[PDB]
Amino acid sequence: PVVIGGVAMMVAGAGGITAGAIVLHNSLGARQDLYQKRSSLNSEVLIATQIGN
Amino acid sequence: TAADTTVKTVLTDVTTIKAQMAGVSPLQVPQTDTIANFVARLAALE
């Protein structure tokens, strides 16, 4: 029972390391897209208000 | 004679008021906000 639960942990963990990498390669790029899009939008909204002012 | 002296003084009073009321004040351009700064101020606080 315990040798098995031990190995099962390492397998879990290892899948946890191997998964957390996939996700950190396929996310870092998408996060900079979203922030830049957000800052763009703030700026443009302000420009619209400035034109109105 | 005193009347004559007083008119001198009146001439003084008149050059004071003319100095007070002379000139055309020139345009003043205030320093107003850009987006750069408004954004830098709002991202600072947050």
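In what follows, every heavy atom counts, from backbone to side chain, and hydrogens, waters and symmetry copies are set aside. So that the names make sense, note that chain A is the first sequence line, chain B the second, and so on, each numbered from 1.
Side chains of A:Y35 and A:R38 form a contact here, defined as non-hydrogen atoms less than 4.5 Å apart.
With hydrophobic clusters built from ILVMFWY side chains whose heavy atoms lie under 4.5 angstrom apart, B:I35 shares a cluster with A:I51. Linking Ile, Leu, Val, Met, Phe, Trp and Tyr whenever their side-chain heavy atoms come within less than 4.5 Å leaves B:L11 and B:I17 in two separate clusters.
The list of side chain to side chain donor-acceptor pair (under 3.5 Å) pairs with a residue in residues 16-41 of chain B, not counting sequence neighbours, reads B:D33-B:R41, B:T34-B:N37. Within the structure, side chain to side chain donor-acceptor pair (under 3.5 Å) contacts touching residues 41-53 of chain A (residues at least two apart or in different chains) do not occur.
The line from CD1 of A:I22 to CD1 of A:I17 is 13.0 Å long, rounded to the nearest 0.5 Å. From A:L28, atom CG reaches atom CG of A:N26 across 9.0 Å, with rounding to the nearest 0.5 Å.
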